Amino acid sequence: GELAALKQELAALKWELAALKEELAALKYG
Amino acid sequence: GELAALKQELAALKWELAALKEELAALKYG
Amino acid sequence: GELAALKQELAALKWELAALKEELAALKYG
Ligand code: NA
Ligand code: NA
Ligand code: NA
């Protein structure tokens, strides 16, 4: 499961990056 | 295969992280 | 070697995203 674990971590990091972008947009415009 | 796909995803995530940093910095300095 | 390098990059990106979360919280507070 070594590659599968890295794939799951990358998917989580991609979700966290999207959430940070949404938080920055809220700060910029809100 | 799987390792090539993970390498490509990591490269894209690093590019989008740099883009987020630049936007955040621009907001902070502005 | 490539798997080890990708694991190291993903671990670093976790810390980078946490630091960006802290910067966004500071912008919220400022
Ligand atoms: Na085994
Ligand atoms: Na999603
Ligand atoms: Na902090």
Side-chain angles (χ1 to χ4, degrees), chain A, chain B residues 1-2 4-6 8-27 29-30, chain C residues 1 3-13 15-27 29-30:
Chain A
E2 299 85 354
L3 283 78
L6 297 180
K7 186 187 327 182
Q8 290 239 341
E9 184 66 16
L10 225 174
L13 288 173
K14 284 167 67 172
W15 170 93
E16 287 153 28
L17 179 56
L20 289 167
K21 288 175 164 190
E22 289 181 33
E23 181 174 359
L24 182 49
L27 284 170
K28 181 174 180 181
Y29 287 100
Chain B
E2 285 298 298
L6 293 174
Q8 294 155 20
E9 289 305 301
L10 168 70
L13 176 71
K14 287 166 63 161
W15 177 274
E16 287 299 326
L17 178 56
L20 170 62
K21 283 178 177 175
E22 285 158 18
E23 180 89 343
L24 188 165
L27 178 57
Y29 312 150
Chain C
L3 190 77
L6 292 178
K7 185 168 164 199
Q8 179 175 17
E9 289 234 24
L10 289 179
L13 283 172
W15 282 87
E16 288 282 338
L17 289 193
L20 281 185
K21 184 66 166 147
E22 292 167 22
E23 290 288 348
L24 288 179
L27 280 180
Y29 303 155

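Just so it is clear: chains get the letters A, B, ... in the order the sequence lines come, proteins before strands, and each one is counted from 1.
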Student: Nearest 0.5 angstrom please: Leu10(B) CG to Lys14(A) NZ, how far?
Tutor: 11.0 Å
Student: Please give me the minimum heavy-atom distance between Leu24(A) and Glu23(B), naming the atom from each residue.
Tutor: CD2-CG, 3.4 Å
Student: With rounding to the nearest 0.5 Å, note down the distance linking CG in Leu20(A) to CH2 in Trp15(A).
Tutor: 9.0 Å
Student: Can you name the nearest heavy-atom pair linking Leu3(A) to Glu2(B), along with the distance?
Tutor: CD2-CB, 3.7 Å
Student: Apply side-chain contact (heavy atoms from CB on, under 4.5 Å) to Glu16(B) and list each qualifying residue two or more places apart in sequence or on a separate chain.
Tutor: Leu17(A), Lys21(A), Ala19(B)
